Amino acid sequence: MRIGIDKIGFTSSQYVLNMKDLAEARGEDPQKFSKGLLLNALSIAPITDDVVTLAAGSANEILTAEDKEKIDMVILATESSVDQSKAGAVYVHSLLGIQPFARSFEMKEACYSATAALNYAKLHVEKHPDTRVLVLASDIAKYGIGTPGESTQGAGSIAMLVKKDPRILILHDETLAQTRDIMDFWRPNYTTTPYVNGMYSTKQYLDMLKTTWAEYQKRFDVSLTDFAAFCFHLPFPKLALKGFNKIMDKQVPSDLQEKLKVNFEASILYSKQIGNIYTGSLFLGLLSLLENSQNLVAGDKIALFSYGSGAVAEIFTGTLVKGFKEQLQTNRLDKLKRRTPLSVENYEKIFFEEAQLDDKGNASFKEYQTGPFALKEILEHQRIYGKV
Ligand SMILES: CC(C)(COP(=O)(O)OP(=O)(O)OC[C@H]1O[C@@H](n2cnc3c(N)ncnc32)[C@H](O)[C@@H]1OP(=O)(O)O)[C@@H](O)C(=O)NCCC(=O)NCCS
């Protein structure tokens, strides 16, 4: 029984901050961003485009009426939640008109949780092969003005439809996760922006990659040469490049070294324009890879390294399905160029806007550019979402 990713949708916000503009405002060498981080631009979200609206937009990209009839589980992976009790998935379920007899909930573990969502989705469909599962990985990476992380901000959501006989990627059962209790990045309840030790996080990302991959190879009798591409979590592309270099070695034959490198470069193309999207970043890289590699074919295997701060890592794999290109888009870079560039001044005002509640819990918002769904208002503490 083949189970996996049938369709992948992606939505980002409608605004962009160009890194050269941020560099100019902050007195930074623009090459720190273009070469140091390997970032060109970041998506910026207004207050009316949040985890829920981005998630619903990404699903709207891919779902058919038949999907909506057969989906019986909706999982939102996020670290950008807008309620402490109500899962953002419930809103997505509603906004998309999915059939009522579904379970809907959120998963949380920094940038890692969509990997667990996908795994549960896969097992659920295997048990109930007539069903489909919608996994959303939606986040707004917001670090704060003047912080080291300001340059690794971003916004977006990946939607993945999981079902039997998938048209893109068959998911396999050989997985390995690792948990280690650390404080590289975290976000207490009283702050909209995380605390982060960037250098320590990089070191831990690389050590969990090294140790998890070593153990994976041992348990499952595989090596680098079994794969046509390796995808990494993508908070910024330089970190993923460090990961790639960390696990690669020169015992790989030269032709495969070249292929893996070209595929790595394909995988970071979108992230260079979008920035960090937390839970969705690994999967955005997968999408970028599939839409930009010139060498991937049916039957090629892909290895994926998921990381979340705090920290949890997992390696898993999949095999490409004949016809996968039919499910992809060719003009995504063109669509990203449509985003409205913001001055640093306007980015500061828009990205860091917070709701101004009256004593009854009402808040109103200016109309900003969004995708198909928007936060319209807050009405007596209820976030009101609708189609635009
Ligand atoms: C990425 C981050 C650590 C950078 O912080 P920073 O103090 O502003 O920048 P750094 O001094 O660390 O330099 C970053 C990089 O660009 C560099 N750089 C600086 N000036 C440069 C220049 N003029 N030309 C080229 N590169 C330059 C570096 O040398 C470097 O890359 P390297 O690690 O390969 O050497 C920071 O944005 C951050 O902490 N973001 C959040 C990370 C996070 O969320 N981690 C959790 C999940 S893994």
Side-chain angles (χ1 to χ4, degrees), residues 17 19-20 22-23 25-34 36-44 77-80 108-115 137 139-156 178-188 191-198 200-202 204-213 231-245 247-248 264 268 271-272 274-285 304-315 344 347 351:
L17 175 65
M19 293 301 272
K20 65 187 184 184
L22 181 63
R26 298 288 176 263
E28 295 290 332
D29 186 339
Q31 291 197 332
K32 173 178 185 171
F33 301 153
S34 63
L37 302 179
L38 296 170
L39 284 171
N40 299 147
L42 313 176
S43 293
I44 295 302
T78 189
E79 56 172 290
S80 303
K108 179 204 294 169
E109 169 27 46
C111 41
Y112 158 80
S113 61
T115 296
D139 271 302
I140 295 168
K142 182 174 295 181
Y143 287 79
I145 297 170
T147 66
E150 192 179 13
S151 58
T152 59
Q153 290 176 146
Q178 188 180 351
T179 297
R180 187 184 299 176
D181 177 11
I182 63 169
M183 294 298 263
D184 58 319
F185 167 118
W186 71 107
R187 189 166 69 83
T191 314
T192 57
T193 55
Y195 301 112
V196 53
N197 183 150
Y200 177 74
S201 191
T202 288
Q204 290 296 310
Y205 169 114
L206 295 171
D207 189 67
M208 294 194 71
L209 172 62
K210 174 183 180 172
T211 57
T212 308
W213 173 235
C231 293
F232 303 85
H233 171 49
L234 270 163
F236 55 104
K238 172 65 72 63
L239 184 57
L241 176 60
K242 291 180 178 183
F244 180 85
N245 290 338
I247 66 174
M248 287 292 279
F264 174 78
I268 67 176
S271 292
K272 287 188 176 178
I274 291 161
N276 190 359
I277 69 168
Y278 293 154
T279 60
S281 68
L282 171 63
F283 302 97
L284 178 61
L304 298 96
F305 168 69
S306 181
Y307 181 82
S309 289
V312 178
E314 181 167 338
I315 297 173
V344 173
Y347 135 79
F351 201 45

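Whatever order the structure lists them in is the order used to number ligands and atoms, beginning at 1. Note that the numbering runs from 1 along the sequence shown for the chain. Hydrogens, waters and symmetry mates are skipped; everything else that's a heavy atom, side chains included, is used.
- Set against the non-hydrogen atoms of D29, the atoms of ligand 1 under 4.0 Å away are 23 (N).
- Within ligand 1, counting atoms from 1 as listed, the ones closer than 4.0 Å to a heavy atom of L37 are 1 (C).
- With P30, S34, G243, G36 as candidates, the residue nearest to atom 15 (C) of ligand 1 on a non-hydrogen basis is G36.
- Here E109 pairs with nothing under the salt bridge (charged side-chain N to carboxylate O under 4.0 Å, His left out) rule; sequence neighbours left out.
- In terms of modelled atom types and a separation under 3.5 Å, the side chain of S80 and the main chain of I140 share a donor-acceptor contact.
- The shortest N or O to N or O distance between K238 and ligand 1 is below 3.5 Å.
- In terms of polar-atom proximity, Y307 is not counted as a contact of ligand 1, lacking any N or O under 3.5 Å from an N or O of the ligand.
- In summary, the atoms of ligand 1 found under 4.0 Å from a heavy atom of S309, numbered by their order in the structure, are 46 (C), 47 (C).
- In terms of modelled atom types and a separation under 3.5 Å, the side chain of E79 and the main chain of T279 share no donor-acceptor contact.
- Although no hydrogens or angles enter the test, the distance criterion places no donor-acceptor pair under 3.5 Å between the side chain of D184 and the main chain of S309.
- In terms of modelled atom types and a separation under 3.5 Å, the side chain of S281 and the main chain of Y278 share a donor-acceptor contact.
- Looking at ligand 1, you won't find any N or O of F185 less than 3.5 Å from one of its N or O atoms.
- Listed by number with element, the atoms of ligand 1 under 4.0 angstrom from any heavy atom of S201 are 45 (N), 46 (C), 47 (C), 48 (S).
- Between the side chain of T147 and the main chain of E150, a donor-acceptor pair closer than 3.5 Å is present.
- Formation of a donor-acceptor pair under 3.5 Å by the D29 side chain with backbone atoms of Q31 is found in this model.
- Between the side chain of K272 and the backbone N or O of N40 there is no donor-acceptor pair closer than 3.5 Å.
- Under 4.0 angstrom from ligand 1, there are no non-hydrogen atoms of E150.
- Listed by atom number, the atoms of ligand 1 under 4.0 Å from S151 heavy atoms are 37 (O).
- Residues passing the side chain to side chain contact (heavy atoms under 4.5 Å, CB included) test with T179, sequence neighbours excluded: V312.
- Here is the list of ligand 1 atoms found below 4.0 Å of a heavy atom in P148: 36 (C), 37 (O).
- Heavy atoms of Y143 come nearer than 4.0 angstrom to ligand 1 in at least one pair.
- Less than 4.0 angstrom separates some heavy atom of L239 from each of these atoms of ligand 1: 48 (S).
- Heavy-atom distances between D184 and ligand 1 stay at or above 4.0 Å for every pair.
- Close N/O approach between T152 and ligand 1 is found [any backbone or side-chain N/O within under 3.5 Å].
- Applying the 4.0 Å criterion to heavy atoms of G198 picks out, from ligand 1, the atoms 3 (C), 39 (O).
- Contact annotation: the side chain of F33 never approaches that of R26 to less than 4.5 Å [non-hydrogen atoms, C-beta and beyond].
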